[PDB]
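K.L.:
Before we start, here is the structure in question, set down as structure tokens.
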Amino acid sequence: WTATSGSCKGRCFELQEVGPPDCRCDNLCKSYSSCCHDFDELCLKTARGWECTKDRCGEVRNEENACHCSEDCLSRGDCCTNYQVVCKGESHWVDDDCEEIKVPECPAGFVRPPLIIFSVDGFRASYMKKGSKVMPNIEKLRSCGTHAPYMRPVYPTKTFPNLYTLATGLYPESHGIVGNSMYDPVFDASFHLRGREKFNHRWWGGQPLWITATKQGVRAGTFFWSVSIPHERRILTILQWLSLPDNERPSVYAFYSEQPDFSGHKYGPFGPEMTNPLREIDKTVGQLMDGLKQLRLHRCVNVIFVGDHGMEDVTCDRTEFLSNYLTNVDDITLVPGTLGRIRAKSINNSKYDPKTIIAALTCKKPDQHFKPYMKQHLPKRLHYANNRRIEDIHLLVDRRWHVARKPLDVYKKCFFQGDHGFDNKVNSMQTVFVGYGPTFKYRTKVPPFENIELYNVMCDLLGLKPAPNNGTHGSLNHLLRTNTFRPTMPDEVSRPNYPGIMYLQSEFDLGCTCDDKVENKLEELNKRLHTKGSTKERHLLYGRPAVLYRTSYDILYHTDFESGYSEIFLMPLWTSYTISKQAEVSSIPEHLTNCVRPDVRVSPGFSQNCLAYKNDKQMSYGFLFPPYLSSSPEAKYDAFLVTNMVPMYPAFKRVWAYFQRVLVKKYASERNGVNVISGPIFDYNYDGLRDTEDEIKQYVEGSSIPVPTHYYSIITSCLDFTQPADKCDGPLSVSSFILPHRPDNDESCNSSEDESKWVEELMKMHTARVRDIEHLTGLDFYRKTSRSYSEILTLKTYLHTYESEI
Ligand SMILES: *[C@@H]1O[C@H](CO)[C@@H](O[C@@H]2O[C@H](CO)[C@@H](O[C@@H]3O[C@H](CO[C@H]4O[C@H](CO)[C@@H](O)[C@H](O[C@H]5O[C@H](CO)[C@@H](O)[C@H](O)[C@@H]5O[C@H]5O[C@H](CO)[C@@H](O)[C@H](O)[C@@H]5O)[C@@H]4O)[C@@H](O)[C@H](O[C@H]4O[C@H](CO)[C@@H](O)[C@H](O)[C@@H]4O[C@H]4O[C@H](CO)[C@@H](O)[C@H](O)[C@@H]4O)[C@@H]3O)[C@H](O)[C@H]2NC(C)=O)[C@H](O)[C@H]1NC(C)=O
Ligand SMILES: O=C(NCC1(O)CCN(C(=O)OCc2ccc(OC(F)(F)F)cc2)CC1)c1ccc2[nH]nnc2c1
Ligand SMILES: [Ca+2]
Ligand SMILES: [Cl-]
Ligand SMILES: [K+]
Ligand code: NA
Ligand SMILES: [Zn+2]
């Protein structure tokens, strides 16, 4: 109930929220059906439009006007945004040359530069270049401020998950808004775009910027705008708030535009109808900047121009129907469109089986435009699994397509020509970032970055301590003139042991054999040096990784590679090796095919054993440093140590072997040497975080050898590829992956073919940031470089996407 009998007189767009049933006057009352009777009359005036004309100058203040051209309007904070241009011979902000803003130039009584977030829905990254002719104001912000060529949204590339990720710095799996539509089985409640449940606070996890600000004493404008409030009124309201007394005035503001997304859905991303909505957004930016100029705030306020996601060409005829695959199509509920999420229609159906549903959806048609996954098998870069609202069965839909349950869902629910929601690496989904103000840099381009990083920067901009989030604080310091956050490297928690030769061959009973009984202080003093780390500077280029949790591990040196061997998990946590451009690939000699050798530095009780692999009919083994890349026949024996071995499904060894035998040398050839760090990942509860030992759900049969869910590699070289990876004097270049360690290759529909037709495509799909690997391993990489820590943080957040040029 609301007793809408009160008045909005003097309360228009009040900043505190009064509780029911007293009537509301804030920018959300419309959405609550709770505005006072006179809200429209007093608060949404429209008389005379939004611009001053020549004949309005000096007018007698008529309070019925939407905005004013009377002489007192500046001090009342309520002029039309073009007032000084029309009436006082001033120029529009867009017409002024830009001049570097070296220091904030603020009116007295401003404690900090205000932050305005100008967020635009569905603003595709390529609009910046492609619409540049019709967007002068946006183009000026972009060229004069700090801009990236694009910003990466989160998956799914829908509106609510992305706006709430911007506000919180959290992955949707952690913030809770995992789609525009959701079912929460614990609540037994459903969230939708239309309706009242979405207003219920229980959906919204983490701590958004306006709450962070408020709790730390920084006042916030109200971020959310009712759809019926026109853009011009939103701008005038922000500008009015900026004229409030010091003690009442917010320091942070948001404006939101439903465009260009609204029109993009109807006309496609580049429909000729898209020019007008872009002009219109630009005009709104012009109104804000002119308004700021009038208030002498245009060299005081930091302005962020940011989108939530892009827009792709999608039409009704590009829909895949689950009814063409499933016999039991009515026993499932599908969340449909540019992604799919499947659950059982009824929990009382014990004949529901996800395994049969996935098999029915797997590689069933030659050109199939979606791929099913159990959510824990999605590419880890998507971080889309750890939430009860994310259904176990997921469909990754090809760009330009939809999935639907049955044809009747499409024609009785072409309308649309654009949509979004696809994999967040897709070019058409990328969106925009521009920062302009005293705290941002001048005329600076920065590399693409992920929208999860911005919350930290928005906190930096307002002098706030960010709540715990998924950004990497410091990774975006290169965007800022000042206010940078100078992070320290985390402290190593576990220091390594450096074992020497401690065990005789006969102490081992591992069931392993090797044909290595083939025999000189020339070569024998030399091999001693190699086991003490004589070549360590070659294979460990950036310092050893730090272990950030309590564990027991050994550093093991070899001619061709160095490892950090976990006595707890019985395998390396990491194996580091450098492959120069000149390196040669050899094969495993016939006699050495099944050779496994005990490691005399490491006790039998802390070693794997070959018998377990013999007994386990499902599990084979691979090596972390590949025998193929050994520097010499004698060095090759090192690669067969039991301490270099890891458990691998035969199906996965097809992937791993091709990577090691073909791709590493290809990368070294292309990048002028590479340093590789590889190892196991255990993430059985799919939370993106390293498992403890008591979380492991699978072991090699009859043993304590834990089975990785994934294997990673980090491949580093010199950004300037004229320098070899092992003699690099400047910035680095990295690509990484986290491959799912799966007993089949069902994911790759082309896997019956030669590895050269499908393995690299798989790897590309499972590209990852070094940071993703850090979370999954509890390791910290790049501890010893000549680079600044902030630059290394940026490197650790890099994702090699394999998309073409934007
Ligand atoms: C991205 O960044 C984020 C943020 O930093 C990372 O997420 C954090 O990770 C932490 C480790 O997983 C986690 O810490 C836990 O907190 C528990 C208390 O959490 C509540 O309070 C916080 C603080 O206000 C709040 O944020 C939480 O909100 C969650 O839950 C509600 C809904 O229930 C949502 O509104 C919200 O969206 C959020 O949900 C997300 O997180 C939860 C996990 O908390 C997931 O289940 C959801 O799917 C969703 O993703 C909470 O309101 C605390 O209880 C935990 O402590 C347990 O474990 C420790 C081990 O150290 C042990 O000492 C304790 O005894 C305890 O164990 C007991 O409980 C067990 C489980 O019930 C039980 O099995 C045992 O037997 C014991 O009884 C733990 O410390 C932190 O909450 C989240 N924060 C957020 C916002 O998600 C995230 O990891 C990053 N991602 C990556 C890849 O890096
Ligand atoms: O327009 C849509 N929905 C309408 C809204 O609900 C209206 C109210 N609103 C708002 O006022 O924005 C608040 C905000 C702004 C910035 C921000 O970013 C931050 F925090 F970083 F500043 C954080 C929060 C949110 C969007 C919509 C769009 C595209 C679609 N495609 N398919 N369906 C769709 C539905
Ligand atoms: Ca885990
Ligand atoms: Cl959704
Ligand atoms: K086996
Ligand atoms: Na296959
Ligand atoms: Zn949309």
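By order of appearance in the structure tokens: chains A, B, ..., then residues from 1 within every chain, and ligands from 1 in the order shown.
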Mind listing the residues within 10 Å of ligand 6, only C-alpha atoms and all ligand atoms counted, as a count of residues only?

P.N.:
14

K.L.:
DSSP on the backbone: what in segment 659-777 of chain A comes out helix (DSSP H, G or I), as a PyMOL selection string?

P.N.:
chain A and resi 659-671+693-695+725-727+755-757+759-765+770-777

K.L.:
Take the residues that were just selected and, keeping N, CA, C and O atoms, output them as a compact mmCIF listing (two decimals), in the first residue's frame.

P.N.:
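That gives us result-v4.txt:
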```txt
# COMPACT_ATOMS: atom_id res chain seq x y z
N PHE A 659 50.00 -30.45 -28.54
CA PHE A 659 50.51 -29.22 -27.95
C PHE A 659 52.03 -29.30 -27.77
O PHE A 659 52.76 -28.43 -28.25
N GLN A 660 52.50 -30.37 -27.12
CA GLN A 660 53.93 -30.47 -26.79
C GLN A 660 54.84 -30.76 -27.99
O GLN A 660 55.94 -30.20 -28.05
N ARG A 661 54.39 -31.61 -28.91
CA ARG A 661 55.22 -32.03 -30.05
C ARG A 661 55.16 -31.02 -31.21
O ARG A 661 56.18 -30.75 -31.84
N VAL A 662 53.99 -30.43 -31.43
CA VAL A 662 53.79 -29.51 -32.58
C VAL A 662 53.73 -28.03 -32.18
O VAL A 662 54.47 -27.20 -32.71
N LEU A 663 52.86 -27.69 -31.25
CA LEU A 663 52.56 -26.29 -30.99
C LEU A 663 53.63 -25.53 -30.23
O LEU A 663 53.84 -24.34 -30.48
N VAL A 664 54.31 -26.17 -29.28
CA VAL A 664 55.31 -25.41 -28.54
C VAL A 664 56.41 -24.92 -29.50
O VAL A 664 56.81 -23.77 -29.46
N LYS A 665 56.88 -25.82 -30.38
CA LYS A 665 57.90 -25.44 -31.35
C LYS A 665 57.37 -24.38 -32.34
O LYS A 665 58.07 -23.43 -32.67
N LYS A 666 56.11 -24.53 -32.76
CA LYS A 666 55.49 -23.51 -33.61
C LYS A 666 55.48 -22.13 -32.92
O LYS A 666 55.84 -21.11 -33.55
N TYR A 667 55.11 -22.10 -31.63
CA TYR A 667 55.12 -20.83 -30.90
C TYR A 667 56.53 -20.26 -30.75
O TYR A 667 56.74 -19.07 -30.94
N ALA A 668 57.50 -21.11 -30.41
CA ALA A 668 58.89 -20.66 -30.31
C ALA A 668 59.37 -20.08 -31.65
O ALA A 668 60.09 -19.07 -31.67
N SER A 669 58.98 -20.72 -32.75
CA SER A 669 59.36 -20.27 -34.09
C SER A 669 58.78 -18.89 -34.39
O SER A 669 59.46 -18.02 -34.93
N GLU A 670 57.51 -18.71 -34.04
CA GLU A 670 56.76 -17.48 -34.30
C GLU A 670 57.10 -16.32 -33.37
O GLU A 670 57.08 -15.17 -33.80
N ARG A 671 57.40 -16.62 -32.10
CA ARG A 671 57.55 -15.58 -31.06
C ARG A 671 59.01 -15.35 -30.71
O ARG A 671 59.34 -14.51 -29.84
N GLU A 693 43.23 -30.63 -0.54
CA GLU A 693 43.33 -32.07 -0.76
C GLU A 693 42.03 -32.81 -0.45
O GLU A 693 41.69 -33.78 -1.12
N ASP A 694 41.28 -32.33 0.54
CA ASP A 694 40.03 -33.00 0.91
C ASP A 694 38.88 -32.67 -0.04
O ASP A 694 37.75 -33.09 0.21
N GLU A 695 39.16 -31.96 -1.14
CA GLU A 695 38.11 -31.64 -2.15
C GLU A 695 38.20 -32.48 -3.42
O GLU A 695 37.34 -32.39 -4.31
N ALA A 725 63.17 -14.81 -26.37
CA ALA A 725 62.46 -14.88 -25.09
C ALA A 725 63.43 -14.82 -23.90
O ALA A 725 63.16 -14.14 -22.91
N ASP A 726 64.57 -15.49 -24.01
CA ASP A 726 65.53 -15.53 -22.89
C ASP A 726 66.50 -14.35 -22.75
O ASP A 726 67.33 -14.35 -21.86
N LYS A 727 66.39 -13.35 -23.61
CA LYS A 727 67.19 -12.12 -23.47
C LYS A 727 66.33 -10.91 -23.76
O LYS A 727 66.66 -10.11 -24.62
N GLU A 755 44.85 -34.51 -35.23
CA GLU A 755 44.95 -33.44 -34.24
C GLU A 755 45.12 -32.05 -34.86
O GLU A 755 44.63 -31.06 -34.30
N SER A 756 45.78 -31.98 -36.02
CA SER A 756 46.00 -30.71 -36.73
C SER A 756 44.71 -30.05 -37.23
O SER A 756 44.74 -28.93 -37.72
N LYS A 757 43.58 -30.75 -37.11
CA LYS A 757 42.29 -30.22 -37.58
C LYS A 757 41.37 -29.73 -36.46
O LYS A 757 40.37 -29.09 -36.73
N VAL A 759 42.77 -29.74 -32.56
CA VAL A 759 43.36 -29.49 -31.24
C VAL A 759 43.54 -27.99 -30.98
O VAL A 759 43.17 -27.49 -29.91
N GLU A 760 44.06 -27.26 -31.96
CA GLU A 760 44.33 -25.85 -31.72
C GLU A 760 43.05 -25.02 -31.47
O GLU A 760 43.03 -24.13 -30.60
N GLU A 761 41.98 -25.33 -32.22
CA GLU A 761 40.64 -24.79 -31.99
C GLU A 761 40.12 -25.04 -30.55
O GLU A 761 39.56 -24.15 -29.92
N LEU A 762 40.28 -26.26 -30.05
CA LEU A 762 39.99 -26.53 -28.65
C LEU A 762 40.79 -25.60 -27.71
O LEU A 762 40.24 -24.98 -26.81
N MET A 763 42.09 -25.52 -27.94
CA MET A 763 42.96 -24.73 -27.09
C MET A 763 42.57 -23.26 -27.09
O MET A 763 42.46 -22.67 -26.03
N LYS A 764 42.32 -22.71 -28.28
CA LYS A 764 41.83 -21.35 -28.43
C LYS A 764 40.57 -21.08 -27.62
O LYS A 764 40.47 -20.03 -27.01
N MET A 765 39.62 -22.01 -27.63
CA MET A 765 38.39 -21.86 -26.84
C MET A 765 38.67 -21.78 -25.34
O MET A 765 37.89 -21.18 -24.58
N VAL A 770 46.62 -15.27 -17.08
CA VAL A 770 47.50 -15.80 -16.03
C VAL A 770 46.78 -15.72 -14.67
O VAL A 770 46.88 -16.63 -13.85
N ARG A 771 46.01 -14.65 -14.47
CA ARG A 771 45.28 -14.46 -13.21
C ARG A 771 44.29 -15.60 -12.89
O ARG A 771 44.14 -15.99 -11.72
N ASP A 772 43.63 -16.12 -13.93
CA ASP A 772 42.71 -17.26 -13.80
C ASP A 772 43.49 -18.47 -13.27
O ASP A 772 43.00 -19.19 -12.44
N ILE A 773 44.73 -18.64 -13.76
CA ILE A 773 45.58 -19.75 -13.35
C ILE A 773 46.05 -19.53 -11.93
O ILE A 773 46.12 -20.47 -11.15
N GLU A 774 46.35 -18.27 -11.57
CA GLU A 774 46.73 -17.97 -10.19
C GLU A 774 45.63 -18.36 -9.19
O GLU A 774 45.92 -19.01 -8.17
N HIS A 775 44.39 -18.00 -9.49
CA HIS A 775 43.27 -18.34 -8.60
C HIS A 775 43.18 -19.87 -8.45
O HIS A 775 42.99 -20.38 -7.36
N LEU A 776 43.29 -20.58 -9.58
CA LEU A 776 43.14 -22.04 -9.60
C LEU A 776 44.29 -22.87 -9.02
O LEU A 776 44.13 -24.09 -8.83
N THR A 777 45.45 -22.23 -8.77
CA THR A 777 46.65 -22.93 -8.33
C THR A 777 47.21 -22.39 -7.03
O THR A 777 48.04 -23.04 -6.41
```

K.L.:
Output the neighbourhood of ligand 3 as a list in words, that is, all protein and nucleic acid residues with some atom at most 10 Å from the ligand, counting only C-alpha atoms and all ligand atoms.

P.N.:
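If we count only C-alpha atoms and all ligand atoms, the neighbours of ligand 3 turn out to be residues 386, 681, 682, 683, 684, 685, 686, 687, 688, 689, 690, 691, 692, 695, 696, 709, 775, 776 and 777 of chain A.
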
K.L.:
Those residues you just picked out, can you put them in a file as a PDB file, in the first residue's frame with N, CA and C atoms?

P.N.:
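To be explicit, this is the file written out as result-v1.pdb:
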```pdb
ATOM      1  N   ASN A 386      29.789 -21.408 -10.640  1.00  0.00           N
ATOM      2  CA  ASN A 386      29.638 -21.455  -9.178  1.00  0.00           C
ATOM      3  C   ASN A 386      28.427 -20.653  -8.617  1.00  0.00           C
ATOM      4  N   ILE A 681      45.722 -28.464 -12.553  1.00  0.00           N
ATOM      5  CA  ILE A 681      44.729 -27.679 -11.799  1.00  0.00           C
ATOM      6  C   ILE A 681      43.695 -28.639 -11.207  1.00  0.00           C
ATOM      7  N   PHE A 682      43.277 -28.388  -9.963  1.00  0.00           N
ATOM      8  CA  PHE A 682      42.223 -29.230  -9.364  1.00  0.00           C
ATOM      9  C   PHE A 682      41.096 -28.297  -8.945  1.00  0.00           C
ATOM     10  N   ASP A 683      39.960 -28.366  -9.628  1.00  0.00           N
ATOM     11  CA  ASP A 683      38.828 -27.512  -9.274  1.00  0.00           C
ATOM     12  C   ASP A 683      37.541 -28.300  -9.313  1.00  0.00           C
ATOM     13  N   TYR A 684      37.442 -29.273  -8.414  1.00  0.00           N
ATOM     14  CA  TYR A 684      36.301 -30.153  -8.415  1.00  0.00           C
ATOM     15  C   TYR A 684      34.989 -29.505  -8.000  1.00  0.00           C
ATOM     16  N   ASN A 685      35.033 -28.436  -7.204  1.00  0.00           N
ATOM     17  CA  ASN A 685      33.814 -27.713  -6.861  1.00  0.00           C
ATOM     18  C   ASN A 685      33.606 -26.492  -7.772  1.00  0.00           C
ATOM     19  N   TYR A 686      34.281 -26.488  -8.927  1.00  0.00           N
ATOM     20  CA  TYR A 686      34.133 -25.423  -9.954  1.00  0.00           C
ATOM     21  C   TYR A 686      33.920 -24.004  -9.397  1.00  0.00           C
ATOM     22  N   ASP A 687      34.706 -23.617  -8.385  1.00  0.00           N
ATOM     23  CA  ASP A 687      34.586 -22.255  -7.838  1.00  0.00           C
ATOM     24  C   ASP A 687      35.673 -21.273  -8.357  1.00  0.00           C
ATOM     25  N   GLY A 688      36.500 -21.746  -9.289  1.00  0.00           N
ATOM     26  CA  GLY A 688      37.611 -20.952  -9.866  1.00  0.00           C
ATOM     27  C   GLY A 688      38.830 -20.862  -8.960  1.00  0.00           C
ATOM     28  N   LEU A 689      38.799 -21.613  -7.864  1.00  0.00           N
ATOM     29  CA  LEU A 689      39.809 -21.518  -6.817  1.00  0.00           C
ATOM     30  C   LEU A 689      40.460 -22.858  -6.527  1.00  0.00           C
ATOM     31  N   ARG A 690      41.757 -22.828  -6.218  1.00  0.00           N
ATOM     32  CA  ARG A 690      42.518 -24.047  -5.957  1.00  0.00           C
ATOM     33  C   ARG A 690      41.785 -24.985  -4.957  1.00  0.00           C
ATOM     34  N   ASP A 691      41.618 -26.274  -5.283  1.00  0.00           N
ATOM     35  CA  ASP A 691      41.067 -27.237  -4.314  1.00  0.00           C
ATOM     36  C   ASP A 691      42.093 -27.547  -3.219  1.00  0.00           C
ATOM     37  N   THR A 692      41.614 -27.737  -1.995  1.00  0.00           N
ATOM     38  CA  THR A 692      42.428 -28.364  -0.961  1.00  0.00           C
ATOM     39  C   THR A 692      42.351 -29.878  -1.195  1.00  0.00           C
ATOM     40  N   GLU A 695      39.159 -31.962  -1.139  1.00  0.00           N
ATOM     41  CA  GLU A 695      38.114 -31.642  -2.151  1.00  0.00           C
ATOM     42  C   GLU A 695      38.204 -32.478  -3.419  1.00  0.00           C
ATOM     43  N   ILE A 696      39.245 -33.301  -3.502  1.00  0.00           N
ATOM     44  CA  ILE A 696      39.530 -34.068  -4.709  1.00  0.00           C
ATOM     45  C   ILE A 696      38.536 -35.209  -4.846  1.00  0.00           C
ATOM     46  N   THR A 709      41.476 -31.719 -12.786  1.00  0.00           N
ATOM     47  CA  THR A 709      40.327 -31.390 -13.633  1.00  0.00           C
ATOM     48  C   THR A 709      40.831 -30.668 -14.892  1.00  0.00           C
ATOM     49  N   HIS A 775      44.387 -17.997  -9.491  1.00  0.00           N
ATOM     50  CA  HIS A 775      43.272 -18.340  -8.600  1.00  0.00           C
ATOM     51  C   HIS A 775      43.177 -19.870  -8.455  1.00  0.00           C
ATOM     52  N   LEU A 776      43.287 -20.580  -9.578  1.00  0.00           N
ATOM     53  CA  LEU A 776      43.140 -22.043  -9.603  1.00  0.00           C
ATOM     54  C   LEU A 776      44.291 -22.869  -9.024  1.00  0.00           C
ATOM     55  N   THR A 777      45.448 -22.229  -8.773  1.00  0.00           N
ATOM     56  CA  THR A 777      46.654 -22.932  -8.325  1.00  0.00           C
ATOM     57  C   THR A 777      47.205 -22.386  -7.026  1.00  0.00           C
TER      58      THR A 777
END
```

K.L.:
Counting only C-alpha atoms and all ligand atoms, which protein, DNA or RNA residues come within 8 Å of ligand 2, given as a ChimeraX atom specification?

P.N.:
/A:117-119,121-122,158-160,163-168,180,193,208-210,223-227,253-259,261-262,265,419-420,454-455

K.L.:
Go ahead and write the residues just picked, C-alpha atoms, as a PDB file, in the first residue's frame.

P.N.:
```
ATOM      1  CA  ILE A 117      29.186   7.320 -15.133  1.00  0.00           C
ATOM      2  CA  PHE A 118      27.480   7.741 -18.516  1.00  0.00           C
ATOM      3  CA  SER A 119      26.424   4.186 -19.292  1.00  0.00           C
ATOM      4  CA  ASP A 121      23.169  -0.013 -23.406  1.00  0.00           C
ATOM      5  CA  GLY A 122      24.240  -2.175 -26.335  1.00  0.00           C
ATOM      6  CA  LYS A 158      23.232  -9.530 -21.207  1.00  0.00           C
ATOM      7  CA  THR A 159      22.241  -6.220 -19.640  1.00  0.00           C
ATOM      8  CA  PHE A 160      21.712  -7.009 -15.935  1.00  0.00           C
ATOM      9  CA  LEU A 163      25.558  -3.510 -15.339  1.00  0.00           C
ATOM     10  CA  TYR A 164      25.785  -5.251 -11.988  1.00  0.00           C
ATOM     11  CA  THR A 165      29.332  -6.474 -12.810  1.00  0.00           C
ATOM     12  CA  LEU A 166      30.282  -2.827 -13.568  1.00  0.00           C
ATOM     13  CA  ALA A 167      28.802  -1.787 -10.216  1.00  0.00           C
ATOM     14  CA  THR A 168      30.495  -4.550  -8.110  1.00  0.00           C
ATOM     15  CA  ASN A 180      18.338 -11.398 -17.349  1.00  0.00           C
ATOM     16  CA  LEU A 193      13.054  -8.345 -16.567  1.00  0.00           C
ATOM     17  CA  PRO A 208      27.808  -2.075  -5.591  1.00  0.00           C
ATOM     18  CA  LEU A 209      29.617   1.204  -5.887  1.00  0.00           C
ATOM     19  CA  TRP A 210      26.801   3.372  -4.498  1.00  0.00           C
ATOM     20  CA  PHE A 223      21.874   5.317 -10.072  1.00  0.00           C
ATOM     21  CA  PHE A 224      18.577   3.933 -11.393  1.00  0.00           C
ATOM     22  CA  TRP A 225      16.186   5.861 -13.693  1.00  0.00           C
ATOM     23  CA  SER A 226      12.510   5.078 -14.470  1.00  0.00           C
ATOM     24  CA  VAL A 227      12.090   4.360 -18.212  1.00  0.00           C
ATOM     25  CA  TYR A 253      26.372   9.921 -10.296  1.00  0.00           C
ATOM     26  CA  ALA A 254      25.069   7.584 -12.951  1.00  0.00           C
ATOM     27  CA  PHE A 255      23.208   8.319 -16.179  1.00  0.00           C
ATOM     28  CA  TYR A 256      21.794   5.389 -18.165  1.00  0.00           C
ATOM     29  CA  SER A 257      20.680   5.208 -21.799  1.00  0.00           C
ATOM     30  CA  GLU A 258      18.449   2.403 -23.125  1.00  0.00           C
ATOM     31  CA  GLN A 259      19.921   3.287 -26.549  1.00  0.00           C
ATOM     32  CA  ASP A 261      20.409  -1.354 -27.562  1.00  0.00           C
ATOM     33  CA  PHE A 262      16.676  -0.672 -28.011  1.00  0.00           C
ATOM     34  CA  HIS A 265      17.389  -5.155 -31.314  1.00  0.00           C
ATOM     35  CA  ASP A 419      20.591  -9.557 -30.041  1.00  0.00           C
ATOM     36  CA  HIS A 420      23.448 -10.140 -27.566  1.00  0.00           C
ATOM     37  CA  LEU A 454      36.420  -0.854 -13.368  1.00  0.00           C
ATOM     38  CA  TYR A 455      34.873  -1.023  -9.901  1.00  0.00           C
TER      39      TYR A 455
END
```

K.L.:
Write out, as CSV, each residue of chain A that has an atom at most 9 Å from ligand 4, together with the closest pair of atoms and their distance in Å to one decimal, counting only C-alpha atoms and all ligand atoms, rows going by chain and rising number.

P.N.:
```
residue,atom,partner,partner_atom_place_in_ligand_line,distance
A:156,CA,ligand 4,1 (Cl),7.1
A:157,CA,ligand 4,1 (Cl),8.9
A:158,CA,ligand 4,1 (Cl),6.7
A:160,CA,ligand 4,1 (Cl),8.9
A:161,CA,ligand 4,1 (Cl),8.7
A:178,CA,ligand 4,1 (Cl),7.0
A:179,CA,ligand 4,1 (Cl),3.6
A:180,CA,ligand 4,1 (Cl),4.2
A:181,CA,ligand 4,1 (Cl),4.7
A:182,CA,ligand 4,1 (Cl),6.9
A:335,CA,ligand 4,1 (Cl),6.7
A:336,CA,ligand 4,1 (Cl),7.5
A:337,CA,ligand 4,1 (Cl),8.0
A:338,CA,ligand 4,1 (Cl),8.3
A:339,CA,ligand 4,1 (Cl),7.1
A:340,CA,ligand 4,1 (Cl),8.1
A:341,CA,ligand 4,1 (Cl),8.3
A:421,CA,ligand 4,1 (Cl),7.5
```

K.L.:
Kindly indicate which residue among A:470, A:675, A:431, A:33 lies nearest to ligand 1, using only C-alpha atoms and all ligand atoms for the distances.

P.N.:
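Checking each of A:470, A:675, A:431, A:33 against ligand 1, counting only C-alpha atoms and all ligand atoms, the winner is A:470.
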
K.L.:
Nearest to residue 451 of chain A: which of A:471, A:564, A:730, A:354 is it, counting only C-alpha atoms?

P.N.:
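Selected residue with least distance to residue 451 of chain A: A:471.
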
K.L.:
Where in segment 25-255 of chain A does DSSP assign strand (DSSP E), given as a list in words?

P.N.:
residues 115, 116, 117, 118, 119, 120, 121, 146, 147, 148, 149, 150, 151, 152, 182, 183, 184, 189, 190, 191, 252, 253, 254 and 255 of chain A

K.L.:
Could you pull the residues within 6 Å of residue 640 of chain A, counting only C-alpha atoms, minus those fewer than 3 positions along the same chain, as a PyMOL selection string?

P.N.:
chain A and resi 596-597+637

K.L.:
Pull the closest atom pair for each residue of chain A that gets at most 10 Å from ligand 5, along with the distance in Å to one decimal, counting only C-alpha atoms and all ligand atoms, ordering rows by chain and then ascending residue number, as CSV.

P.N.:
```
residue,atom,partner,partner_atom_place_in_ligand_line,distance
A:610,CA,ligand 5,1 (K),9.0
A:611,CA,ligand 5,1 (K),8.8
A:612,CA,ligand 5,1 (K),7.6
A:613,CA,ligand 5,1 (K),4.3
A:614,CA,ligand 5,1 (K),4.7
A:615,CA,ligand 5,1 (K),6.1
A:616,CA,ligand 5,1 (K),4.4
A:617,CA,ligand 5,1 (K),4.3
A:618,CA,ligand 5,1 (K),5.5
A:619,CA,ligand 5,1 (K),4.3
A:620,CA,ligand 5,1 (K),4.3
A:621,CA,ligand 5,1 (K),7.7
A:647,CA,ligand 5,1 (K),9.2
A:648,CA,ligand 5,1 (K),9.0
A:649,CA,ligand 5,1 (K),8.3
A:650,CA,ligand 5,1 (K),8.5
A:700,CA,ligand 5,1 (K),8.7
A:701,CA,ligand 5,1 (K),9.1
```

K.L.:
Just how far from atom CA of residue 540 of chain A is atom CA of residue 561 of chain A, in Å to one decimal?

P.N.:
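Those two atoms sit 8.0 Å apart.
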